[PDB]
Amino acid sequence: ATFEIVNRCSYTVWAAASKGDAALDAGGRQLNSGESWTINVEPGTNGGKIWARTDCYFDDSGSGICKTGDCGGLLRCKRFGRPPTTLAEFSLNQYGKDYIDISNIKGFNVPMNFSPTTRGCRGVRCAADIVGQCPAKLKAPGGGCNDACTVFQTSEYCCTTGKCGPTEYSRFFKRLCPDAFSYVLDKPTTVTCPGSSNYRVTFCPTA
């Protein structure tokens, strides 16, 4: 797939793209407000994620820190980022189809739209002001709104046994963003797209 990653936020973000044990394309890059970065994701990538990082500082070797979404201090991510991170998630060329979603299961930092740029399916979006409205006990001082599993580390929030139900915290993310996963066993909001579609992830898609 080709992904165009566009920062429509008024602040700089450092986009990241990884499948957990490797970078996708270069794995990360700075996007000033307005900039677009086109990456090539290998067909058949299963469990890929793209997210924004904020308030980062990197040295000339690409090593440093971000306040949200830091991936082991690298500009170019090889692993997933530290919550809170709104996630654009995808698995491509899986028995002829691609599957996309947005998830708040690892919290939320930056609003996002994740849409195909080719035919055949619809996009998904979580662009509500989740950081402004975040329950006090989930607020991340470093910036963003943490998920309840990150904050409290219980079997019920982290759905460790695969049992779990919705919670007062998952329901906040679901009320602000119905079309994103709010906890691990949420009713799925995954969209099926034709195999080998292309996509655009836009940070701060609205006002």
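Following Swiss-Prot, chain A shows residues 23-229, kept in their order.
Each residue, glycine too, has its Cβ placed from N, Cα and C.
According to Swiss-Prot, the protein carries these features:
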- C31-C226: disulfide bond (DISULFID)
- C78-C88: disulfide bond (DISULFID)
- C93-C99: disulfide bond (DISULFID)
- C143-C215: disulfide bond (DISULFID)
- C148-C199: disulfide bond (DISULFID)
- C156-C167: disulfide bond (DISULFID)
- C171-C180: disulfide bond (DISULFID)
- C181-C186: disulfide bond (DISULFID)
Can you tell me which of the disulfide-bonded residues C143, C186, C199 is spatially closest to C171 (disulfide bond)? Compare CA atoms only.
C186
Under a three-state reduction of DSSP output, how is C180 (disulfide bond) classified: helix, strand, or coil?
helix
Are there any residues in the same chain, six or more apart in sequence, whose C-beta is under 8 angstroms from the C-beta of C199 (disulfide bond), and if so which?
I124, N126, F130, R147, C148, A149, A150, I152
Could you state the CA-to-CA distance between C143 (disulfide bond) and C180 (disulfide bond) to the nearest Å?
31
Taking the Cα of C180 (disulfide bond) as the centre, which of the disulfide-bonded residues listed as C88, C156, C186, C226 lie within 10 Å of it?
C186
Drop a 10 Å sphere on every Cβ of the disulfide-bonded residues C93, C156, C171, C186, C215 and tell me which sphere holds the fewest other Cβ atoms.
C186
For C186 (disulfide bond) and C78 (disulfide bond), determine the Cα separation and express it in whole Å.
35
According to DSSP, folded down to helix, strand and coil, what is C215 (disulfide bond)?
strand
What is the separation, in Å, between the Cα atoms of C181 (disulfide bond) and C167 (disulfide bond)?
19
Cα-to-Cα gap, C88 (disulfide bond) vs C31 (disulfide bond), nearest whole Å:
17
Could you state the whole-number distance in Å separating the C-alpha atoms of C99 (disulfide bond) and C78 (disulfide bond)?
13
